[PDB]
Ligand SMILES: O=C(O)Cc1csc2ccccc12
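One chain is shown next in structure tokens, namely the form solved without the named molecule.
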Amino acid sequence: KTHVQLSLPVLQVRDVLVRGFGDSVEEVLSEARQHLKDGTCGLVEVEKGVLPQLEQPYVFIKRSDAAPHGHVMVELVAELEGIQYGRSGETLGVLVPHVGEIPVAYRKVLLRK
């Protein structure tokens, strides 16, 4: 399928144990997609002081359209030293590995896979 319904656990930035997916734009997009498939991907909502507490390159989910069955359609954009790889709508959050942190909420998304 081109799209897959996911419910992403929303984590508080200070709980996050693994603060990014890797060391290149290509690796973080790769790892993010693998974790999203495996159900091991969390979401941190971007506010003041969040991103400096996470590791670059960043992987964002961005709104790709205006929401089947409550799932906002999203796609991945990476960022490294202020350059983004991909073009999409508004950021819903930054993706991180999920390794058992307790979420505060779930974000239903339809991921362009």
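Quick note: we count residues from 1 along the sequence shown, nothing fancier.
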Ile83 to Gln84: deposited residues without atomic coordinates
none
Comparing 85-93 with 6-14, which has the greater mean CA B-factor as deposited?
85-93
Which of the two stretches, 69-77 or 50-58, shows the higher mean Cα temperature factor in the record?
69-77
Going by the recorded CA B-factors, say which third of the chain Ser64 sits in, lowest, middle or highest.
highest
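Keep in mind that the form deposited with the named molecule bound is not shown, yet the notes after this line are about it.
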Can you tell me whether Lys37 touches the named molecule? I mean in the bound PDB entry, with a 4.5 angstroms heavy atom cut-off.
yes
Is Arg33 one of the residues lying within 4.5 Å of the named molecule in the bound PDB entry, judged by heavy atom distances?
yes
Scan 1-30 and write down, in order along the chain, each residue with a heavy atom lying within 4.5 Å of the named molecule in the bound PDB entry.
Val4, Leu6
